[PDB]
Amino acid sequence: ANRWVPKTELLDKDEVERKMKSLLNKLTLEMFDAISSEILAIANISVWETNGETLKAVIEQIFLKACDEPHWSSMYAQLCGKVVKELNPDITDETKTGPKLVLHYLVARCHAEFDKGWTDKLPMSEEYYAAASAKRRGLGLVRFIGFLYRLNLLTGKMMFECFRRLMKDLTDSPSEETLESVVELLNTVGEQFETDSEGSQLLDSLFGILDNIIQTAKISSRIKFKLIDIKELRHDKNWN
């Protein structure tokens, strides 16, 4: 029977994944500094590597985590903030060093996960369980992007691409999950994004799509309140 069985330093692909699962499974606001430091010790292995392969994987798994557990996206985002800030500057990649290296990693890992894409309109079932997760992890990502963007770990170009994707999927009878995601994103990044390398004029088109979806679309009262609130938050209150 194919079953499950229990049981200065370097680590192979498996040992890295296994240790990172455990560490990302333990990550809490209480045990943050202790666990984020051990995760940093795994990312610093790349000092003894040519193409910084281990560090790349650490960034990868963190994204995978943040996309399956949106409730902690902000916390996982800070873990990235620490890795960038406290990485060993002596780390070289044969493809920029120190922080500037991790920033590029974060951006690349975004593009990668983002290009995978997803669909909004979802058809129990078979492949349905997969296409539903793809959307969940997709929206989980757009959330994680927001928390990275707030900490200045990502550039505006990635935030634009993010809103870009949401807007296209926001004029084709948007699901409530999508609308939910856009509101939360706007509450996280809205004000800051207002000024960034043609930015506020992007929110103009976005909020316009919302005004339409508020005055025509058949959406639950709960969602309609969320849309109306952020509309007032930006236009009237001005994020204050």
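When you see a residue number, it is the position in the sequence shown, counting from 1.
Quiz item: Do any residues of the deposited sequence lie unmodelled between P123 and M124, and which range holds their number: none, 1 to 3, 4 to 9, or 10 or more?
Solution: The entry has a long gap there, with 10 or more residues left out between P123 and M124.
Quiz item: How much of the deposited sequence is absent from the coordinates between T95 and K96: none, 1 to 3, 4 to 9, or 10 or more residues?
Solution: The entry has 1 to 3 unmodelled residues between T95 and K96.
Self-check item: Comparing 81-89 with 126-134, the one whose average Cα B-factor in the PDB entry is higher
Solution: Here the higher of the two C-alpha B-factor means belongs to 126-134.
Quiz item: With respect to the recorded C-alpha B factors, which stretch has the higher mean value, 211-219 or 35-43?
Solution: Looking at the recorded C-alpha B-factors, 211-219 comes out higher on average.
Quiz item: Highest Cα B-factor in the PDB entry belongs to which of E184, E177, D196, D68?
Solution: The C-alpha B-factor peaks, among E184, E177, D196, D68, at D196.
Quiz prompt | Modelled-residue ranking by C-alpha temperature factor, third containing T155 | solution = For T155, the deposited C-alpha B-factor lands in the highest third.
Quiz item: Lowest, middle or highest third: where is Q201 by Cα B-factor in its chain?
Solution: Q201: CA B-factor falls in the highest third of its chain.
Quiz item: Taking the entry's C-alpha B-factors for this chain, is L10 in the lowest, middle or highest third?
Solution: Highest third.
Exercise. Could you look up the Cα B-factor of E60 in the entry and say which third of the chain it sits in: lowest, middle or highest?
Key: CA B-factor rank for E60: lowest third.
Quiz item: Taking the entry's C-alpha B-factors for this chain, is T28 in the lowest, middle or highest third?
Solution: For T28, the deposited C-alpha B-factor lands in the lowest third.
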